[PDB]
Ligand SMILES: Cc1ncc(COP(=O)(O)O)c(CN)c1O
Ligand SMILES: Cc1ncc(COP(=O)(O)O)c(CN)c1O
Ligand code: NA
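Residue numbers (PDB author numbering), protein chains in the order written: chain B, 70 to 430; chain A, 69 to 430.
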């Protein structure tokens, strides 16, 4: 049967023209006589691919030459260790602003390798807000400030960014990467797994200011050492070649769409349809997140009639809208609406919500 | 070339055509699920069926006993060079190594960050052409484990039988001969390897580990390197390399269809013999430096007496659709990597090419 509307939160839906391009290239990429999956990573074909992927990503996000771009394995969770291993001594302090459970996971891992100060946590109001930056009390000698830019489970997204009092800003942008323009120069490090907006799982992108590379802790595994990866242009060991190729296809296609200003407009448009449906529902559907920080990528919502949640999810799936189930601890629903989710999928969901409400009025 | 070439790359490597064509067919919509494998939730029922079948197929192929875990991880074999001593040793423990090539040497260097190392024997002095007699190896009396690289991909040295560890257990990097032949898994505490030679694309690393060795990692172990975390979450602690795992699953299923590892080994031995016999019968025109009894079935390094002709040999072979034959910078010459999926006809073409080349340049 046909392709479904896939609301999965990661891995996620990918552009159909990209998938079909990959299908067409799979057996024999451009007359090279082999698949990307069979290429030497030190061969001229693969080198062309990873170089074009880097150049395309630099163009898309406007990443200047003062920053390195690394294509790594291990997921964002590997970076939770790599960051303080590379950037801190064991007795340095990192500040965290914790706006959901991904930030909390980052804090717990960093505690192995340095000191951590959680200068603000949204937990007491169920992770529904971003703090006022002026009232944060930042540690005066902090090495860096870590945020999770888009909290995938909780639907809380930074629109503006804090200015570190000392040191530099590090952001986990896994679930909103390449969804909108970002002024990279405000950051020391931007990182994220590919598997929401830019490719399949198995590739993690690290964007790191060059003056911060080097001097990792002695216990840093070679495979977590940024200087090693940078000096070898992400080919220290065998990279995730097919994944990097797929990212390259996605980056190329985002440029063809008109770049990130255009991508942002589409994302804002389709998210507004869903949030407006929720707010106009007279409480039938509810989104807990404070309006100004509502994610364009992950939309958590509940039903006033909580007992109807299983029926909602099951009937949506019969209507080809899958993976709408929300997190264990609040229940309800989560609509993930990443760059490649078609406008028509969001419209189908909004129509289904309207009909469901009228039926269970 | 709009025909597929004979691809002698050392990793990533050639893969079976039937596997690639199955992946092509299903890439847009896997089995009416309505999405690609590349778009599936790792916590969803479709992907769970894929990873579970991949593990089941591998357990059958290798005859992995029930008391071993199978982990599908990211990071390559190089990440395991760190994860092994982090998980298995305290910081003042010792690991013994037999070093038969440069991959083992890299494992030693990384392990030193995490524990003490002892190289009992190195083949470096004879340019990595031999395996030591095992009984005379002086093992450390309290060594936690003994590490080998079962197939040294650059040097072409392959273990046929295995040493018996004295105090601890045996760990083997089988990256470049993984699923080329039967292995008595019970002889090992850990077998590991990147998928990218014999069983899949780059991005997936397999670790087969005895369950009683899991747990008790050093406090500084990253969560992503911790065997207990991966095992208790069945390799889904974080987001796994879903598509790579899928691809490995296809390869395992095809290796079972071929008749399993006894059949795979026969084919490997047969095609390797063709190439080694061509070299030995050439009256010194071609030379392999490796001692005969430990010559790899997977990677065949060889040189020309007239070394000035090596560049032409490689360029001319590539015009004849035999690519990636250049050998390592320290010895020059050539390296023919002839993994499971390398067709017999590719080895036949190279041998015929070698014959013609010698006749022409004799
Ligand atoms: C915002 C965020 N951060 C980190 C992660 C962890 O990424 P990975 O599974 O690649 O380790 C996720 C995964 N959903 C995420 O959404
Ligand atoms: C025997 C062996 N061990 C380890 C490695 C390193 O593996 P990776 O690039 O996946 O880290 C290689 C790669 N050629 C290898 O051949
Ligand atoms: Na201090």
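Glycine is no exception: its CB is placed at the ideal position from the N, C-alpha and C atoms.
Practice prompt. Could you check what DSSP says for residue 244 (chain A) in three-state terms: helix, strand or coil?
Written response: Counting from one through the second chain, the residue named residue 244 (chain A) turns up at place 176. Here DSSP, grouped into helix, strand and coil, assigns residue 244 (chain A) to helix.
Worksheet item: Does DSSP put residue 366 (chain B) in a helix, a strand or coil?
Response: Position 297 of the first chain holds residue 366 (chain B). DSSP places residue 366 (chain B) in coil when its eight states are reduced to three.
Worksheet item: From which residue to which residue does the alpha helix (DSSP H) around residue 216 (chain B) run?
Response: Here residue 216 (chain B) is taken as the residue at index 147 of the first chain, counted from 1. Premise fails: residue 216 (chain B) lies in the beta strand (DSSP E), 213-217, not in any alpha helix (DSSP H).
Worksheet item: Any idea if residue 156 (chain B) is buried or exposed, counting beta-carbon neighbours within 10 angstroms, 16 or more meaning buried?
Response: Along the first chain, read from residue 1 onward, the residue named residue 156 (chain B) stands at position 87. Residue 156 (chain B) is classed as buried because its beta carbon has at least 16 other beta carbons within 10 Å across all chains shown.
Worksheet item: Should residue 89 (chain A) go down as buried or exposed, given a rule of 16 or more other Cβ atoms within 10 Å for buried?
Response: Within the second chain, residue 89 (chain A) is the residue found at index 21, counting from 1. By the 10 Å Cβ count, residue 89 (chain A) comes out exposed.
Discussion item. Just list the residues that DSSP pairs residue 289 (chain A) with in beta bridges.
Written reply: For the purposes of this step, residue 289 (chain A) is taken as residue 221 along the second chain, with counting starting at 1. In the DSSP output, where bridge partners are listed per residue, residue 289 (chain A) has none listed.
Item to complete: Please indicate yes or no: does the CB of residue 144 (chain B) lie closer than 7 Å to some heavy atom of ligand 1?
Response: Counted from its first residue, the first chain places residue 144 (chain B) at position 75. Indeed, a heavy atom of ligand 1 lies less than 7 Å from the Cβ.
Practice prompt. Flag residue 257 (chain A) as yes when its Cβ comes closer than 7 Å to any non-hydrogen atom of ligand 1, and as no otherwise.
Written response: Indexing the second chain from 1 puts residue 257 (chain A) at position 189. No; taking the cut-off as 7 Å, the Cβ of residue 257 (chain A) has no heavy atom of ligand 1 nearer than that.
Worksheet entry | Contact with chain A by residue 81 (chain B), beta-carbon distance below 8 Å | For the purposes of this step, residue 81 (chain B) is taken as residue 12 along the first chain, with counting starting at 1. Residue 81 (chain B) has a beta carbon lying within less than 8 Å of a beta carbon in chain A.
Item to complete: Return no unless some Cβ of chain A is closer than 8 Å to the Cβ of residue 142 (chain B).
Response: Counting from one through the first chain, the residue named residue 142 (chain B) turns up at place 73. Under the Cβ distance rule, residue 142 (chain B) counts among the residues neighbouring chain A, one pair being separated by less than 8 Å.
Worksheet item: Can we count residue 34 (chain A) as close to ligand 2, meaning its CB is less than 7 Å from some heavy atom?
Response: This structure cannot settle anything about residue 34 (chain A), because the visible part of chain A is limited to 69 through 430.
Fill in: Per-residue burial, residue 86 (chain A) [other beta carbons within 10 Å of its own, 16 or more giving buried]
Counting from one through the second chain, the residue named residue 86 (chain A) turns up at place 18. Under this definition residue 86 (chain A) is an exposed residue.
Worksheet item: Does ligand 1 have a heavy atom nearer than 7 Å to the CB of residue 79 (chain B)?
Response: For the purposes of this step, residue 79 (chain B) is taken as the residue at position 10 of the first chain. Checking the Cβ of residue 79 (chain B) against ligand 1 gives yes.
Fill in: For residue 402 (chain B), three-class secondary structure by DSSP
Residue mapping note: residue 402 (chain B) aligns to position 333 of the first chain, counting from 1. Residue state, collapsed to three classes: strand.
Worksheet item: How many angstroms separate the CA atom of residue 373 (chain A) from the CA atom of residue 426 (chain A)?
Response: In the second chain, counting from the first residue as 1, residue 373 (chain A) sits at position 305. In the second chain, counting from the first residue as 1, residue 426 (chain A) sits at position 358. Taking the straight line joining both Cα atoms gives about 11 Å.
Worksheet item: Should residue 306 (chain A) be listed as close to ligand 1, given that the test is whether its C-beta is under 7 Å from any heavy atom?
Response: Along the second chain, read from residue 1 onward, the residue named residue 306 (chain A) stands at position 238. At least one heavy atom of ligand 1 is nearer than 7 Å to the Cβ of residue 306 (chain A), so yes.
Worksheet entry | chain B within 8 Å of residue 300 (chain A), Cβ atoms only | Along the second chain, read from residue 1 onward, the residue named residue 300 (chain A) stands at position 232. So, not an interface residue.
Worksheet entry | Distance between residue 166 (chain A) and residue 213 (chain A) (C-alpha atoms, nearest Å) | Looking up residue 213 (chain A) in the second chain gives position 145. Looking up residue 166 (chain A) in the second chain gives position 98. Those two C-alpha atoms are separated by around 11 Å.
Worksheet item: What residue range is occupied by the uninterrupted alpha helix (DSSP H) comprising residue 117 (chain A)?
Response: Residue 117 (chain A) sits at position 49 when you count from the first residue of the second chain. First-last of the alpha helix (DSSP H) with residue 117 (chain A): 113-130.
Item to complete: Determine the burial state of residue 209 (chain B): buried for a count of at least 16 other Cβ atoms within 10 Å of its Cβ, exposed for fewer.
Response: In the first chain, the residue the question calls residue 209 (chain B) occupies position 140. In the assembly as shown, residue 209 (chain B) is an exposed residue. Its beta-carbon has fewer than 16 other beta-carbons within 10 Å.
Worksheet entry | Near-chain A residues of the region 265-288 of chain B - C-beta to any C-beta below 7 Å | So the list reads 269, 270, 271, 287, 288, given in the order they occur along the chain.
Worksheet item: Would you say residue 100 (chain B) reaches chain A, if we count a Cβ-Cβ gap shorter than 8 Å as a contact?
Response: Here residue 100 (chain B) corresponds to residue number 31 of the first chain, with the count starting at 1. Cβ-Cβ to chain A under 8 Å: yes for residue 100 (chain B).
Worksheet item: What's the C-alpha gap between residue 391 (chain B) and residue 395 (chain A)?
Response: One-based indexing of the first chain puts residue 391 (chain B) at position 322. One-based indexing of the second chain puts residue 395 (chain A) at position 327. Distance between the alpha carbons of residue 391 (chain B) and residue 395 (chain A) is about 50 Å.
Fill in: Contact set for residue 190 (chain B): own chain, Cβ-Cβ below 6 Å, skip 5 residues either direction
In the first chain, the residue the question calls residue 190 (chain B) occupies position 121. By the criterion of a C-beta distance shorter than 6 Å, residue 190 (chain B) is surrounded in its chain by 167, once the five residues flanking it on both sides are discounted.
Worksheet item: Of the choices B:355, B:132, B:227, B:231, whose alpha-carbon is the least far from that of residue 401 (chain B)?
Response: Residue numbering aside, residue 401 (chain B) sits at position 332 when the first chain is read from its first letter. Each of B:355, B:132, B:227, B:231 was checked against the Cα of residue 401 (chain B), and the nearest Cα belongs to B:355.
Discussion item. Based on DSSP bridge pairs, tell me the residues matched to residue 277 (chain B).
Written reply: Here residue 277 (chain B) refers to the residue found at position 208 of the first chain. The secondary-structure analysis by DSSP pairs residue 277 (chain B) across a beta bridge with B:137, B:258.
Worksheet item: In chain order, what residues of the same chain have a beta carbon less than 7 Å from the beta carbon of residue 94 (chain A), not counting five sequence neighbours either side?
Response: Here residue 94 (chain A) refers to the residue found at position 26 of the second chain. No residues qualify anywhere along the chain.
Worksheet item: Rounded to whole angstroms, how far is the Cβ of residue 275 (chain B) from the Cβ of residue 141 (chain B), which I believe are closer than 8 Å?
Response: Locating residue 275 (chain B) in the first chain gives position 206, counting from the first residue. Locating residue 141 (chain B) in the first chain gives position 72, counting from the first residue. Right, their Cβ atoms sit about 6 Å apart.
Worksheet entry | Interface residues of chain A facing residue 398 (chain B) [CB-CB closer than 8 Å] | Within the first chain, the letter at position 329 stands for residue 398 (chain B). Chain A residues near residue 398 (chain B): none, gap ~16 Å exceeds 8 Å.
Worksheet entry | Residues that DSSP places opposite residue 371 (chain A) in a beta bridge | Taking the first residue of the second chain as 1, we reach residue 371 (chain A) at position 303. Residue pairing by DSSP places residue 371 (chain A) opposite A:355 in a beta bridge.
Worksheet item: Taking 8 Å as the CB-CB cut-off, is residue 203 (chain B) touching chain A?
Response: Here residue 203 (chain B) corresponds to residue number 134 of the first chain, with the count starting at 1. By this cut-off, residue 203 (chain B) is not an interface position.
Discussion item. Let me make sure I understand the geometry here. Which of B:175, B:159, B:169 has the alpha-carbon closest to that of residue 145 (chain B)?
Written reply: Position 76 of the first chain, counting from 1, holds the residue named residue 145 (chain B). Among B:175, B:159, B:169, the Cα nearest to that of residue 145 (chain B) belongs to B:175.
Worksheet item: In the structure shown, what three-state DSSP assignment does residue 228 (chain A) receive?
Response: Residue mapping note: residue 228 (chain A) aligns to position 160 of the second chain, counting from 1. It is coil, neither helix nor strand.
Item to complete: Report the neighbours of residue 306 (chain B) on chain A: residues whose CB is nearer than 7 Å to its CB, in chain order.
Response: Here residue 306 (chain B) corresponds to residue number 237 of the first chain, with the count starting at 1. Ordered by position in chain A, the residues that pass the 7 Å Cβ test against residue 306 (chain B) are 144, 146.
Worksheet item: Below 8 Å between beta carbons: does that hold for residue 152 (chain A) and residue 258 (chain A)?
Response: The residue labelled residue 152 (chain A) in the question sits at position 84 within the second chain. The residue labelled residue 258 (chain A) in the question sits at position 190 within the second chain. With respect to the 8 Å criterion, residue 152 (chain A) and residue 258 (chain A) are classified as neighbours on the basis of their beta carbons.
Worksheet item: Closer than 7 Å: is that where the CB of residue 244 (chain A) sits relative to any heavy atom of ligand 2?
Response: On the second chain, residue 244 (chain A) is found 176 positions in, with the first residue counted as 1. For ligand 2, a non-hydrogen atom lies closer than 7 Å to the CB of residue 244 (chain A).
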